[PDB]
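Q:
2 protein chains.
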Amino acid sequence: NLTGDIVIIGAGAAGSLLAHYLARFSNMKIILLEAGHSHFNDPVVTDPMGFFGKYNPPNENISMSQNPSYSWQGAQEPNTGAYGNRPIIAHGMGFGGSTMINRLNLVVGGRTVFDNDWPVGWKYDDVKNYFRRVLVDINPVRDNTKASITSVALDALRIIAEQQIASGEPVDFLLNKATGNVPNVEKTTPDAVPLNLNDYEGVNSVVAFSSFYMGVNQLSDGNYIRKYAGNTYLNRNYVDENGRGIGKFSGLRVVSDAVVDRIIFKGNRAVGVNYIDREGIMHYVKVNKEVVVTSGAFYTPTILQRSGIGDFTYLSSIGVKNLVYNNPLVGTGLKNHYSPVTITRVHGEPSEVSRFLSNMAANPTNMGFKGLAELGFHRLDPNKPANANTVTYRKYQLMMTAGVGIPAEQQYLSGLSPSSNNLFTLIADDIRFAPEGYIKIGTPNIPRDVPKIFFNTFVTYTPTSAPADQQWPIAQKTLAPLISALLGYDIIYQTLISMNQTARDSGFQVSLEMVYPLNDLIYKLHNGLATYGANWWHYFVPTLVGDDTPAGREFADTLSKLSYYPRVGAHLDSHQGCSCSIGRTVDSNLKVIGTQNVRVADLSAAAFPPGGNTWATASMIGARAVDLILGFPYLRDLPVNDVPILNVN
Amino acid sequence: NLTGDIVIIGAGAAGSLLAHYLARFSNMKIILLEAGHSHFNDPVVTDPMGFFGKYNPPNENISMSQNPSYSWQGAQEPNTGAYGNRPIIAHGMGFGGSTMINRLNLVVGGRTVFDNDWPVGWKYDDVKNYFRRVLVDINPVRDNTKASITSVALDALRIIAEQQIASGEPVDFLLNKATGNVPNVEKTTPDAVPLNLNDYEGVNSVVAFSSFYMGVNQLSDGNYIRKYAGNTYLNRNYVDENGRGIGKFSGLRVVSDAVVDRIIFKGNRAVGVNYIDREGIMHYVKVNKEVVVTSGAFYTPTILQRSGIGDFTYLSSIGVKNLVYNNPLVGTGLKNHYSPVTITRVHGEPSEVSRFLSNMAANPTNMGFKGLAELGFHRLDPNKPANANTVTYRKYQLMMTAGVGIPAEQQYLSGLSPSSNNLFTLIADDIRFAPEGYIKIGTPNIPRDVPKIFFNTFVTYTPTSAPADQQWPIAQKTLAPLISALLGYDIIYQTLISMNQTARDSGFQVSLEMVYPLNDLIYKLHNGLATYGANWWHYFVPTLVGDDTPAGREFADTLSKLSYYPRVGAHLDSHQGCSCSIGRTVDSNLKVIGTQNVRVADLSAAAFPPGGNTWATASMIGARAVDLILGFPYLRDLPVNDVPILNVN
Ligand SMILES: Cc1cc2nc3c(=O)[nH]c(=O)nc-3n(C[C@H](O)[C@H](O)[C@H](O)COP(=O)(O)OP(=O)(O)OC[C@H]3O[C@@H](n4cnc5c(N)ncnc54)[C@H](O)[C@@H]3O)c2cc1C
Ligand SMILES: Cc1cc2nc3c(=O)[nH]c(=O)nc-3n(C[C@H](O)[C@H](O)[C@H](O)COP(=O)(O)OP(=O)(O)OC[C@H]3O[C@@H](n4cnc5c(N)ncnc54)[C@H](O)[C@@H]3O)c2cc1C
């Protein structure tokens with residue numbers, strides 16, 4: 054049988070890095086088991102434009118995230134806050150994990166989140182040397198082309214930031230403490246210097262920029278290739294076609310097309326793993342030292358539960374025979390991101406509006422991301438951290454995209470046909486999303502694509518027969534996402550109001566207004582904010598604050614109407630994590646509480662979602678697990694000029 | 054280990070009956086493999102009202118169809134005809150298959166379908182005995198609490214039938230060929246004899262009645278029970294707690310909590326079956342004579358495909374190792390039913406309207422169904438069989454229910470809240486629904502909840518650069534479902550128009566006007582149908598017709614607006630089948646083409662969907678397969694008085 058010291062389950066954004074840098078620096082046998090197989094010769098994945106449906110048959114025009122042959126299909130239970138919808142969120146299958154099917158963006162997360170929201174031993178100064186290693190291994194690139202809309206938006210944001218600085222409010226969405234009174238907005242001159250948002254020292258927390266960073270590499274021919282975990286750490290230089298290492302890496306052995314279900318125990322120690330190959334044959338893998346599980350946010354708690362780690366009552370209810378430890382917290386507290394969307398129309402003569410929206414197409418260099426800014430807390434938002442007036446946090450990730458990002462049903466309902474050529478998309482992402490859920494298994498026989506996922510986004514609050522004063526804190530806690538989404542809409546509105554004058558100044562004779570969010574409603578919401586200030590959100594429950602005045606009814610009706618759009622006119626991001634975070638299931642050394650020699654090293658073990666995209670954080674967790682297992686800080690001391698070599702075929 | 058003579062996979066609506074009567078009438082060892090366990094002591098399933106959520110926890114309020122512990126979650130690929138959404142359809146998991154979580158509505162299917170759409174040897178005179186056996190074994194009951202608007206609707210239908218008969222059209226939705234010139238509308242007299250829609254001779258193909266037949270049995274205590282296949286054929290009288298037969302059924306052996314993946318062949322003949330138990334240990338079962346697969350419409354083709362039966366090219370591409378027989382037709386031609394929904398509002402004084410909609414609440418005997426008729430083709434339907442001038446066909450199933458059956462999003466959008474006490478629902482279910490699809494697997498490792506399911510219903514038509522004279526037939530073939538939906542709306546409108554006068558005559562002083570589908574649009578549709586006759590549907594493509602008058606533009610606009618409602622304001626029925634039909638995957642004796650000793654005996658092996666619900670048809674397939682396997686007409690000649698004995702506990 055197969056025998057080895059360390060067994061890694063799941064070759065995702067962290068498993069590949071862990072296996073690579075663990076086989077390099079040691080001499081013990083390593084086995085990596087992955088559900089899928091390699092895709093180095095598949096044009097759909099390697100080409101960056103294969104993400105947008107470039108090599109798909111006419112009768113099967115679906116993306117990789119909706120394809121069962123590329124990803125798992127984690128259907129969730131009905132959403133009580135979104136009219137009982139059941140969105141599908143996917144995890145990749147094969148070498149590279151979910152990074153094989155993603156947008157290839159890279160955001161670091163910032164300094165404030167790690168300093169304030171993560172436990173001791175995982176502060177920014179302890180993880181920046183691994184962020185640097187991950188970034189230098191991926192080696193992303195910036196945008197090459199540049200449109201005139203970016204400069205106009207940057208100038209409008211600069212004017213807004215100057216106004217906010219002069220106003221003197223302690224907290225705003227365009228203030229940064231580490232810079233001072235100078236707005237942190239890129240210059241619009243042709244010879245300007247870019248403002249990197251992934252700075253080593255984390256100076257840029259609320260920064261307006263001109264470009265993102267995409268994980269692509271230009272090839273000697275002239276085309277681009279997708280740079281992800283699979284071809285970076287598990288390419289032909291290190292792993293051959295038999296799943297064996299070459300040279301120094303001869304210790305590592307990779308098994309392909311192997312789905313695992315259980316971990317065998319001798320009471321407190323893992324002693325084996327069982328999996329099934331392509332012929333339906335059950336195989337058993339001996340474990341000598343340790344087991345590391347990196348199956349992702351959705352499927353790590355399930356494999357933990359069906360092995361006998363969780364609530365004993367429910368596990369005996371469903372029918373688990375072998376039980377090991379009692380953690381009623383396994384699989385609880387799952388976090389994610391959300392992104393409401395906005396559409397804008399441009400008015401004027403066809404020639405000027407055609408010159409205005411030019412040079413904003415999509416190429417493997419930008420992936421449709423013009424990129425505007427990372428924003429802070431709106432001054433009217435009541436739910437802020439305790440020291441939000443001292444250190445600046447990240448809440449919004451502003452983005453700009455061509456075309457219209459809207460489900461076809463809303464496209465028909467609103468009348469904004471994508472065939473039009475005078476519309477563009479602004480998105481105010483939320484990277485501090487409040488709702489939390491949990492995961493439980495349904496049947497204790499085999500891995501299944503659909504466990505029980507509960508995740509309610511925009512719920513409503515029901516009044517009770519109590520004085521309003523003590524009820525208000527409950528309503529404030531319950532209605533956070535709605536307030537955040539509406540304040541993001543207001544942010545976009547102010548940006549458009551400033552950008553009208555900015556564009557008129559820059560030499561474009563055009564005008565702009567919102568169209569999808571029913572500009573009348575946005576204008577009324579802005580007026581209501583301006584006239585009500587801090588207590589504006591009390592109108593979400595008009596019964597307890599009844600004005601008996603036409604203005605009050607008007608504001609309540611407008612707030613009720615605007616609550617409809619974030620439920621349907623938006624989409625969920627596939628940035629789920631924190632389901633098995635540190636402090637609930639594992640300690641600071643990534644060891645499962647109650648056992649001896651098993652560890653979790655994926656995004657599920659994250660204490661708090663990073664302030665942005667989540668590719669780099671999982672790789673950082675894996676890199677830290679490397680020298681936690683080894684015991685010596687090899688990666689933290691590895692020279693920067695040492696990077697893995699790339700083999701294409 | 055385990056050895057036997059016949060191995061049955063899946064104890065569904067057909068496997069239960071087949072195993073029961075095959076163990077009764079023979080002397081050979083029989084093994085039944087099921088992926089679930091008995092629910093005889095679970096109030097959610099045994100109580101008929103548990104379907105609506107009578108015993109659900111407040112924080113897990115989900116129906117049995119949406120619960121992963123009760124059913125398989127069959128997610129499908131985006132539907133290009135309904136704005137690209139992915140509805141979820143389930144098969145029940147446990148003793149009784151999908152009959153354990155269904156609405157318990159029993160419809161035989163009709164006679165014309167089995168006389169014009171099934172091969173020789175499967176005509177109505179060869180299946181009526183098995184239909185009678187299934188019906189007497191289940192022993193349904195009729196509704197006990199008769200309402201008042203049922204009589205009003207029946208009188209309106211009688212008036213419409215009189216008008217249609219006096220007119221002289223060859224075909225319409227209230228003409229029955231096997232009844233003469235007398236309308237087939239049930240009497241409204243106090244002592245009226247019931248009209249049975251499941252009659253032995255099949256004379257009622259277009260019949261208007263007052264109550265359906267549902268599978269519930271009244272206990273001596275007073276409360277009702279759910280009488281499905283699981284407790285009918287697999288109760289404690291016959292199968293013990295371990296899973297062994299009792300007395301005469303000593304040859305049976307039932308294995309619970311067993312999921313199968315493979316069928317082991319020896320070149321052309323099955324020799325074994327593999328399954329995984331609750332503990333997670335792979336087991337092997339020997340086969341001596343026969344293997345029968347009854348895993349359902351979705352999951353029987355998957356089992357066949359990953360076993361080595363199907364398109365060799367795709368199977369080899371996805372990694373299937375062993376290939377047995379090449380047949381690219383496996384998993385093709387999937388059919389299902391679609392039910393648009395209509396909402397009506399009643400006007401009048403509160404007392405009269407309150408007493409008008411009385412005695413229509415849902416109780417365990419009618420389950421919210423009052424039932425109207427099995428209607429026929431509309432006179433203006435262009436896509437109808439040529440045989441329709443001699444025989445009558447079932448196309449529309451008409452049902453009524455209190456409250457509003459609408460997704461919450463459309464409930465909010467249309468302004469029709471469920472709190473109103475003056476609304477009721479009319480549903481015209483399409484039972485000759487045209488579109489078809491196919492099923493493919495993604496990974497050759499283990500059974501999965503989500504394989505590739507393609508099903509596109511409301512696809513539109515794009516004109517080409519050709520003369521209209523040859524373009525018209527293709528457009529006529531493509532646009533059938535929209536035509537059927539609009540004609541159903543017109544049928545409901547006519548029924549309401551007649552019901553207004555009938556109610557005003559019967560004593561009530563009220564007015565009924567349809568609301569949800571935007572009455573003005575329906576009025577315009579009715580006027581346009583009357584004006585344009587047979588060629589009304591030509592205006593789905595206003596460019597190709599060449600009409601430019603304001604009337605033509607208005608009619609085209611109305612036809613465009615109305616097409617929005619069927620896509621979203623409806624829900625797909627779980628009556629899927631015909632994916633391994635007779636003559637394409639199996640012969641007339643249910644043996645799989647190209648193989649030696651395996652058969653399929655479920656709803657997937659049906660040649661054409663019946664005119665109504667599909668439980669009885671699946672049970673009939675199983676019952677017929679019983680005596681085909683045995684070779685003697687045991688069940689056809691069994692006396693009607695010999696029925697199984699119920700054993701609740
Ligand atoms: C469509 C999409 C777009 C995204 N875009 C971005 C983006 O722009 N920026 C960003 O930062 N992040 C993005 N992400 C998220 C990013 O891809 C992941 O967060 C990241 O890969 C984290 O990796 P992980 O190891 O934690 O999880 P995964 O990469 O999902 O790890 C799962 C791995 O484990 C394997 N596995 C799972 N279950 C089993 C099992 N039972 N047995 C064996 N193996 C198993 C899988 O085959 C896979 O190899 C996107 C994700 C998706 C789905
Ligand atoms: C919500 C709902 C309501 C319905 N209402 C009605 C109604 O009112 N009237 C009506 O006539 N019909 C109704 N139906 C449909 C009806 O219940 C089914 O069509 C009928 O049971 C068909 O029987 P079958 O054996 O073909 O499918 P099923 O009974 O669903 O057969 C599936 C069986 O196979 C087993 N199985 C599947 N895969 C495997 C595997 N890999 N290994 C082992 N076992 C496996 C399952 O555990 C299950 O026992 C409804 C269905 C649903 C979902």
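Chains as they are written, first to last, in PDB author numbering: chain A, 54 to 702; chain B, 54 to 702.
Note that beta-carbon positions come from the ideal geometry of N, C-alpha and C, so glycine has one too.
1) Please state if the CB of A/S360 and the CB of A/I62 are separated by a distance shorter than 8 Å.
2) For A/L248, I'd like the list of residues in its chain whose CB is within less than 6 Å of its CB, leaving aside the five on either flank, ordered along the chain.
3) Could you tell me whether the Cβ of B/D573 comes closer than 8 Å to any Cβ of chain A?
4) What residue range does the beta strand (DSSP E) around A/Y367 cover?
5) Listing by chain order, which chain B residues have their CB less than 8 Å from the CB of A/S122?
6) Helix, strand or coil: how does DSSP classify A/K240 here?
7) Determine whether the beta carbon atoms of A/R156 and A/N700 lie at a separation below 8 Å.
8) Should B/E87 be listed as close to ligand 2, given that the test is whether its C-beta is under 7 Å from any heavy atom?
9) Cβ closer than 7 Å: which chain B residues qualify as neighbours of A/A461?
10) Just to make sure I have the definition right: I need the residues of chain B whose C-beta is within less than 9 Å of the C-beta of A/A323. Which are they?
11) With hydrogens ignored, establish whether the beta-carbon of B/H628 is closer than 7 Å to any heavy atom of ligand 3.
12) Compare the C-alpha of A/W589 against each of A/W525, A/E254, A/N94 and A/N120 and name the closest.
13) With distances taken Cα to Cα, identify the nearest neighbour of B/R279 among B/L287, B/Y286 and B/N270.
14) If I measure Cβ to Cβ from B/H73 and keep anything under 6 Å in the same chain, skipping five residues before and after, which residues do I get?
15) Between A/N327 and chain B, is there a C-beta pair that is closer than 8 Å?
16) Quick one: which chain A residues come within Cβ less than 7 Å of B/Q126?
17) Around the Cβ of A/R485, are there at least 16 other Cβ atoms within 10 angstroms (buried) or fewer (exposed)?
18) Pairs of beta-carbons, one from the segment 290-306 of chain B and one from the segment 482-502 of chain B, closer than 8 Å: are there three or more?
19) Can A/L451 and A/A481 be called in contact, C-beta distance under 8 Å?
20) Given a threshold of 16 other Cβ atoms within 10 Å of its Cβ, counted over all protein chains shown, does B/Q358 qualify as buried or as exposed?
21) Answer yes if the segment 117-137 of chain B comes into contact with the segment 454-467 of chain A, meaning at least three C-beta pairs across the two stretches below 8 Å, and no otherwise.
22) Could you check which residue in B/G65, B/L578 and B/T133 has the C-alpha nearest to that of B/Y514?
23) Do A/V568 and A/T397 have their C-beta atoms closer together than 8 Å?
24) Using the C-alpha atoms, what's the distance from B/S616 back to B/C631?
25) Using the Cα positions of B/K319 and B/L55, report the straight-line distance between them to the nearest angstrom.
26) Between which residues of its own chain and A/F365 is the CB-CB distance below 8 Å, once the five residues before and five after are set aside?
27) Drop a sphere of 10 angstroms on the beta-carbon of B/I674, count the other beta-carbons inside from all chains shown, and report buried for 16 or more, exposed for fewer.
28) For A/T445, which option in A/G458, A/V235, A/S559 and A/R164 has the closest C-alpha, if you only look at C-alpha atoms?
29) Is the shortest distance between the beta-carbon of B/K280 and the beta-carbons of chain A less than 8 Å?
30) Quick check on A/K199: does DSSP put it in helix, strand or coil?
31) Using Cβ-Cβ distances below 8 Å, what residues of the segment 331-342 of chain A are close to chain B?
32) Ligand 2 and B/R315: does any heavy atom of the ligand fall closer than 7 Å to the residue's C-beta?
33) Look up A/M335 in the DSSP assignment and give the residues it is bridged to.
34) I need the boundaries of the alpha helix (DSSP H) containing B/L597, first residue and last residue.
35) To which residues of the same chain is A/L469 closer than 8 Å at the C-beta, ignoring the five residues directly before and after it?
36) Under a CB-based cut-off of 8 Å, is B/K374 close to chain A?
A: Here's the rundown:
1) Within the first sequence, the letter at position 9 stands for residue 62 of chain A. Within the first sequence, the letter at position 307 stands for residue 360 of chain A. No.
2) The residue labelled residue 248 of chain A in the question sits at position 195 within the first sequence. Excluding residues within five positions, the ones whose Cβ falls inside 6 Å are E239, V260 and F262.
3) Mapped onto the second sequence, residue 573 of chain B falls at position 520. It does not; no Cβ of chain A falls within 8 Å.
4) For the purposes of this step, residue 367 of chain A is taken as the residue at position 314 of the first sequence. Looking at the DSSP string, A/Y367 is not in any beta strand (DSSP E); the run it does join, the alpha helix (DSSP H), is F365 to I371.
5) As a working mapping, residue 122 of chain A is identified with position 69 in the first sequence. By Cβ distance, chain B contributes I371, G495, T496 and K505.
6) Along the first sequence, read from residue 1 onward, the residue named residue 240 of chain A stands at position 187. The answer is coil: DSSP assigns A/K240 none of H, G, I, E or B.
7) Residue numbering aside, residue 156 of chain A sits at position 103 when the first sequence is read from its first letter. Residue numbering aside, residue 700 of chain A sits at position 647 when the first sequence is read from its first letter. No. Outside cutoff.
8) Against the second sequence, residue 87 of chain B aligns to sequence position 34. B/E87: yes, Cβ under 7 Å from ligand 2.
9) Residue 461 of chain A sits at position 408 when you count from the first residue of the first sequence. Ordered by position in chain B, the residues that pass the 7 Å Cβ test against A/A461 are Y136 and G137.
10) Taking the first residue of the first sequence as position 1, residue 323 of chain A is located at position 270. None at all; the shortest Cβ gap to chain B is about 15 Å.
11) Within the structure as shown, ligand 3 is missing, the only ligands being ligand 1 and ligand 2.
12) Position 536 of the first sequence, counting from 1, holds the residue named residue 589 of chain A. For A/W589, the nearest C-alpha among the options comes from A/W525.
13) Sequence index remark: in the second sequence, residue 279 of chain B carries index 226 (1-based). Minimum Cα distance to B/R279 is reached at B/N270.
14) Numbered from its first residue, the second sequence carries residue 73 of chain B at position 20. If we look at B/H73 and ignore the five residues flanking it on each side, its Cβ neighbours are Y286.
15) The residue you call residue 327 of chain A lines up with position 274 of the first sequence. Closer than 8 Å: yes.
16) Position 73 of the second sequence, counted from the start, is the residue given in the question as residue 126 of chain B. Going along chain A in sequence order, the residues near B/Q126 (Cβ under 7 Å) are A128 and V503.
17) Translated into the one-based positions of the first sequence, residue 485 of chain A becomes position 432. Flag for A/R485 reads buried.
18) no
19) Stepping through the first sequence from its first residue, residue 451 of chain A is reached at position 398. Stepping through the first sequence from its first residue, residue 481 of chain A is reached at position 428. It is a contact, given that the beta carbons lie within the stated cut-off.
20) Sequence index remark: in the second sequence, residue 358 of chain B carries index 305 (1-based). Burial call: buried.
21) yes
22) Position 461 of the second sequence, counted from the first residue, corresponds to residue 514 of chain B. Nearest C-alpha to B/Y514: B/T133.
23) In the first sequence, residue 568 of chain A corresponds to position 515, counting from 1. In the first sequence, residue 397 of chain A corresponds to position 344, counting from 1. Yes, Cβ-Cβ distance for A/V568 and A/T397 is below 8 Å.
24) Locating residue 631 of chain B in the second sequence gives position 578, counting from the first residue. Locating residue 616 of chain B in the second sequence gives position 563, counting from the first residue. Looking at the two C-alpha atoms, the distance is approximately 28 Å.
25) Position 266 of the second sequence, counting from 1, holds the residue named residue 319 of chain B. Position 2 of the second sequence, counting from 1, holds the residue named residue 55 of chain B. Going from the Cα of B/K319 to the Cα of B/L55 covers about 19 Å.
26) Taking the first residue of the first sequence as 1, we reach residue 365 of chain A at position 312. Correct list, in chain order: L376 and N379.
27) As a working mapping, residue 674 of chain B is identified with position 621 in the second sequence. Its Cβ being crowded by 16 or more others within 10 Å, B/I674 is buried.
28) Position 392 of the first sequence, counting from 1, holds the residue named residue 445 of chain A. Nearest C-alpha to A/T445: A/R164.
29) The residue you call residue 280 of chain B lines up with position 227 of the second sequence. Cβ-Cβ to chain A under 8 Å: no for B/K280.
30) Indexing the first sequence from 1 puts residue 199 of chain A at position 146. Coil.
31) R331, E332, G333, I334 and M335
32) Residue 315 of chain B sits at position 262 when you count from the first residue of the second sequence. Every heavy atom of ligand 2 is 7 Å or more from the Cβ of B/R315, so no.
33) Position 282 of the first sequence, counted from the first residue, corresponds to residue 335 of chain A. Partner(s): A/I329.
34) As a position in the second sequence, residue 597 of chain B is number 544, starting the count at 1. Here the alpha helix (DSSP H) through B/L597 covers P595 to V598.
35) Along the first sequence, read from residue 1 onward, the residue named residue 469 of chain A stands at position 416. Excluding sequence neighbours, A/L469 sits near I396, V457, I459, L476, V568 and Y569.
36) Here residue 374 of chain B refers to the residue found at position 321 when the second sequence is read from its first residue. Yes - at least one Cβ of chain A is within 8 Å of the one on B/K374.
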